[PDB]
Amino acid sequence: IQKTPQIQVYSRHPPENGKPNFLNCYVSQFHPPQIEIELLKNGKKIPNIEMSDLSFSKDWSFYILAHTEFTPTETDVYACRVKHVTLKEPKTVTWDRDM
């Protein structure tokens, strides 16, 4: 059986322009475990991000968290991009500051 990933983007503390914080991309409910994930700043991959251990829940589907330090500003756009067998093309999802 295969299962497409659910993808969610949010920050650790309440966001504020010009203030240091941390950006999270939470990818869950997928199968198989083989997957690719990257964080973007204005369309360009951001280097040296971090990743949690790959784990799983009661129903056997997998989950993991990608994150990095960042300082939001009015004009920069942040996003998360993932590749998986169940996806016909890479899926890019933009950060929503209200989450």
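Start at 1 and count along the sequence shown; that's the residue number.
In this entry, 72-80 has the higher mean Cα B-factor, the comparison being between 72-80 and 21-29. Stretches 86-94 and 9-17 differ in mean CA B factor, with 86-94 having the higher one. Among the modelled residues of the chain, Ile49 sits in the highest third by CA temperature factor in this PDB entry. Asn42: CA B factor lies in the highest third for its chain, per the PDB record.
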